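Notes for the one structure printed next.
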There are 4 protein chains.
Amino acid sequence: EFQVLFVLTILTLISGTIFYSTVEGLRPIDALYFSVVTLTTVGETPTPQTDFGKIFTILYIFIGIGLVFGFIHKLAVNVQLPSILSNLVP
Amino acid sequence: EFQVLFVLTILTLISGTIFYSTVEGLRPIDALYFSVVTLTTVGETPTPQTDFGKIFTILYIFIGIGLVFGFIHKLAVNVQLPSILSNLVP
Amino acid sequence: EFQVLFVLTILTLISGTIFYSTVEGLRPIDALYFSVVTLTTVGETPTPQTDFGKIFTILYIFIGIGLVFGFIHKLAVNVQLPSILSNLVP
Amino acid sequence: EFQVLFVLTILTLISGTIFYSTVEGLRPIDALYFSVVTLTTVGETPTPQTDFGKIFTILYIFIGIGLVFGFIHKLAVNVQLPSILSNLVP
Ligand SMILES: [Ba+2]
Ligand SMILES: [K+]
Ligand SMILES: [K+]
Ligand SMILES: [K+]
């Protein structure tokens, strides 16, 4: 469950990292940063400069946001909550 | 269901694209990019320069965010989940 | 219900507009734009330049996001959905 | 309940504030501002300039967003709603 979402998220981020480092010519870490802030809806820096980068970002957002938030949702409810919930027991 | 939300989203994005390319004078792809990152709450680049663009963006956000996330929600739960859920069956 | 959330949202946005136009010295429309993109989590332009503006924004976000999304949620489910739901009936 | 989420959020923000003021060399208030807009998904200003800042931000986002929104969710439903719900009684 959490494992599946984790793998799917990693694969999605790797895909984004490869795309932006290639098409937008970003250093890998910046490409990964862009992929992460975009899919978590935090932001979009550096904004794509090529039409290909803009088109891909549009599609990337619509397809990846759902996955990313599903992962964060389960990561917090099925992994972060129990660790604090149980740890709150005297 | 998913089809309806898809059509409504496309129409909303087209409307945004037409507005920003006209009033803010953006190239269509940039107008579409702005419309997408705004409604998905990712960001807002390039920020509108005219008061008309700012007013429209305010109204655009309040009316479109709900629709856009409904689409992403169903796109992920009623289309992305089944494809992975069923595909996870040996 | 929807009316209450609407009034609360308007009051919250007016408060933000007054604050930023005064402390950050922004033109009212820009102060309102900032208040809207911040509470909808879309963005934050122009970023506050004074420590007072930064502190207020921090508190503004935590107190207003919940309200704003409650309004958008009901605006879409109890107002946008019915109009399309019923209109989808031959 | 609300108290626990409040404490966890404060601790998370303090951690972010310390990190960015140290590694990114930001004034504390700017480090706190960055930590807040990032975890609430509002934005990311100023964008990290060091690879360490970018890596930390990526991890910070995934681990903190869930917590932050849980707090805002309860702050609005279990604290803001009752105050308006009960206050709406003649
Ligand atoms: Ba954002
Ligand atoms: K957001
Ligand atoms: K942003
Ligand atoms: K920005």
Side-chain angles (χ1 to χ4, degrees), chain A residues 1-24 26 28-29 31-42 44 52-53 55-89, chain B residues 1-10 36 39-42 66-90, chain C residues 73 77 81, chain D residues 39 41 54-70 73:
Chain A
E1 221 282 51
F2 169 92
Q3 296 181 56
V4 175
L5 282 55
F6 180 66
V7 170
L8 293 178
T9 298
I10 295 304
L11 298 177
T12 301
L13 291 181
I14 289 176
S15 180
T17 301
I18 295 171
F19 178 84
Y20 297 105
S21 58
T22 298
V23 174
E24 285 298 316
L26 310 184
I29 183 58
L32 175 64
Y33 179 91
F34 183 81
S35 298
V36 170
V37 295
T38 286
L39 298 190
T40 53
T41 76
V42 170
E44 40 83 58
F52 190 5
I55 293 171
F56 176 90
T57 302
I58 290 171
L59 302 173
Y60 192 57
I61 288 172
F62 276 107
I63 295 177
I65 291 187
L67 192 212
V68 169
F69 280 88
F71 170 69
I72 294 172
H73 173 56
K74 291 298 183 298
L75 163 66
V77 179
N78 297 55
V79 182
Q80 300 187 306
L81 185 58
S83 183
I84 185 282
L85 188 61
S86 298
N87 182 55
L88 195 62
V89 178
Chain B
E1 221 282 51
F2 169 92
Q3 296 181 56
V4 175
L5 282 55
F6 180 66
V7 170
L8 293 178
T9 298
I10 295 304
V36 170
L39 298 190
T40 53
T41 76
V42 170
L67 192 212
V68 169
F69 280 88
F71 170 69
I72 294 172
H73 173 56
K74 291 298 183 298
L75 163 66
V77 179
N78 297 55
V79 182
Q80 300 187 306
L81 185 58
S83 183
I84 185 282
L85 188 61
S86 298
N87 182 55
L88 195 62
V89 178
Chain C
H73 173 56
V77 179
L81 185 58
Chain D
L39 298 190
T41 76
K54 290 164 181 171
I55 293 171
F56 176 90
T57 302
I58 290 171
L59 302 173
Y60 192 57
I61 288 172
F62 276 107
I63 295 177
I65 291 187
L67 192 212
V68 169
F69 280 88
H73 173 56

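Sequence lines set the chain letters: A, B, ... in the order given, protein chains first and strands last, and positions in each chain run from 1. Basis for what follows: all heavy atoms, side chains included, without hydrogens, waters or symmetry-related copies.
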Please report the interatomic distance [atom1]([X]) to [atom2]([Y]), rounded to the nearest 0.5 Å.
{"X": "B/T41", "Y": "A/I65", "atom1": "OG1", "atom2": "CD1", "value": "6.5 Å"}
{"X": "A/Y33", "Y": "D/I58", "atom1": "OH", "atom2": "CD1", "value": "8.5 Å"}
{"X": "A/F71", "Y": "A/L13", "atom1": "CZ", "atom2": "CG", "value": "9.0 Å"}

Problem set entry | Residues which pass ring pair (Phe, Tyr, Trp, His ring centres under 6.0 Å) with D/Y60, listed by chain and number, not counting sequence neighbours |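 D/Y60 satisfies ring pair (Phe, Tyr, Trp, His ring centres under 6.0 Å) with D/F56 once adjacent residues are dropped.
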
For this session: Please identify each residue that fulfils ring pair (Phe, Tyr, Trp, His ring centres under 6.0 Å) with A/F34, with sequence neighbours left out.
Result: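 Only A/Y20 meet the ring pair (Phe, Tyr, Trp, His ring centres under 6.0 Å) criterion with A/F34.
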
For this session: Identify, with sequence neighbours excluded, every residue that meets salt bridge (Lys or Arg N to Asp or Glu O under 4.0 Å) alongside A/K74.
Result: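 For A/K74 there are no salt bridge (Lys or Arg N to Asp or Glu O under 4.0 Å) partners, ignoring immediate neighbours.
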
Problem set entry | Set of residues satisfying side-chain hydrogen bond (donor to acceptor under 3.5 Å, both in side chains) with respect to A/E24, sequence neighbours excluded |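 Partners of A/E24 under the side-chain hydrogen bond (donor to acceptor under 3.5 Å, both in side chains) test: A/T50.
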
Problem set entry | Side chain proximity check, A/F6 to A/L75, heavy atoms < 4.5 angstrom |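 Answer no - side chains too far apart.
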
Exercise. More than 12 non-hydrogen atoms from neighbouring residues, nucleotides or ligands closer than 6.0 Å to CZ on B/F2, yes or no?
Worked result: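 Yes.
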
Distance-only donor-acceptor pairs under 3.5 Å for side chains of residues 77-90 of chain B, two or more places apart:
from, atom 1, to, atom 2, distance (Å)
B/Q80, NE2, A/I63, O, 3.0
B/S86, OG, B/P82, O, 3.2

For this session: List for me each residue that meets side chain to side chain contact (heavy atoms under 4.5 Å, CB included) alongside A/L67, sequence neighbours excluded, and say none if there are none.
Result: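 A/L67: side chain to side chain contact (heavy atoms under 4.5 Å, CB included) contacts with A/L8, A/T9, A/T12.
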
Exercise. For the residue pair A/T17 and A/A31, what are the closest heavy atoms and their distance?
Worked result: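 It is O-CB, 3.3 Å.
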
